[PDB]
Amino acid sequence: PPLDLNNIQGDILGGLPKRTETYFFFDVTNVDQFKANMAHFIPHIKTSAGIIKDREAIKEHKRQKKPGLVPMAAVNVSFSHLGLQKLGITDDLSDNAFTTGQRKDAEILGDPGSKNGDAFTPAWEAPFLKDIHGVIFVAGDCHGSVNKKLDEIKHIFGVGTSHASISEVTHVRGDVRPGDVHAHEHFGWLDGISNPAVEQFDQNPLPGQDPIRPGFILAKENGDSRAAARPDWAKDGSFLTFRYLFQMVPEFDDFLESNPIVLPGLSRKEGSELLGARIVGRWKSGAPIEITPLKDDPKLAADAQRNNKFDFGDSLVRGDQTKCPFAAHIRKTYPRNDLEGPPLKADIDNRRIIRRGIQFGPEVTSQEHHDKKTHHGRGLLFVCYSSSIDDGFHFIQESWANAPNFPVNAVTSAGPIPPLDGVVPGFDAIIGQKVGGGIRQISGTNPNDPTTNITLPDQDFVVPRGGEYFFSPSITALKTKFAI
């Protein structure tokens, strides 16, 4: 069937274009007044149709050399399980992670925290330990637009006044980095390269971007295995995972400088760069190591038609880590042929996620660089979408990233593979977390010596400090279940 793009919130399919973005986390205080205000709010919501239409208007305005105008920052909205309960919307959405809420789920994600008996409290910023009912987020070209748009939303809900239907728990702000590295995350890598193409939305998949069915992103659409268990209003909504991930950049840079790979043809500097590339699965530029294993290639990196056309072939079955470690970040989170090829021939479309991350915080200072220690908060506002957090984000984090035997344990489940005997890939070095904060190791990072492990510093390079699981309903769901 064709998708109704006027019904689907625009951050999901399309993505809200942004140099800056504010996420406003709130609690409902008066349910009836909240539902009445939502009638006024809903017309402000950007849909996927809206996105495509804007993108064309920007292209014509830009082809035509006009003086370059304010993209009326787009608004989206998303609700936690605690907010659905609060609103009287009690139909089960058949996802344990969402319904559990991420404060609890975080124990199993591997977040640092502590236990009173069987009660777990993650080591998050104080506001993310309160009940959050939803998030209103607004994304645009500059601070002026976003704030102006957000002030208007706050008038609609009466924020701060005696007649208020929501209150602020906290807010967070993302900002693309300055200049040439605007799309690079704070460790230095080009981010936003690989996302799944969606059948009946993405007209021209890029090479290496196998399109998946829309029900793996949107509830009750084609390919949602849980379609029959879900209520009609859930159609064309998607689960939004938010993770407030702080990055320890000077500690990461220092880590690389201390562990250079000694390899014919490379400086000390270059061996430290090779290690970073191998840990991520790409050069900072964006060039995938599976294509260019030993030196960066900036032209390949800048070309969307060549920079994602690889699948690890049968390197895993053969035990061959020469081009790419098994435990590289991108391989841990999208295995490609490691699982889709023999022996498993597994269908991992339900493990795919659409990422809409934005960076935050200042650049690294001279003092921070000199100390080789972090002094300011910076990192990534991580946001991803799928029709199942249980199958997507949670699983990726627990069974792949945090699992030092993955992917060997997956492919050896079918029968031992002698070239993998004794291979323990190790942790995803970027996001892998060990429960209790124990010792993490990663193997295969030296092309010439695949069995040597690096023991990671106790201070993780990425440190979660907040997050929650939300559901982003359709325009029509909002209109009938959240309005009046």
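Residue numbers here begin at 1 and follow the sequence given.
Just going by the entry, 117-125 versus 345-353 on mean CA temperature factor gives the higher value to 117-125. As listed in the deposited structure, the average C-alpha B-factor of 169-177 and of 276-284 is greater for 169-177. Highest CA B-factor among the listed residues (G223, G319, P207, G379): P207.
Note on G313, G160, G83, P196: the highest value goes to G160, judged by CA B factor as recorded. Per the PDB record, residue ranking by Cα B-factor puts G265 in the highest third of the chain. Annotation for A401: CA B-factor lies in the lowest third of the chain's modelled residues. In the deposited entry, the Cα temperature factor of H143 sits in the top third of values across the chain's modelled residues.
The entry lists a Cα temperature factor for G422 that places it in the highest third of the chain's modelled residues.
Among the modelled residues of its chain, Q367 has a C-alpha B-factor that falls in the middle third, as given in the PDB entry.
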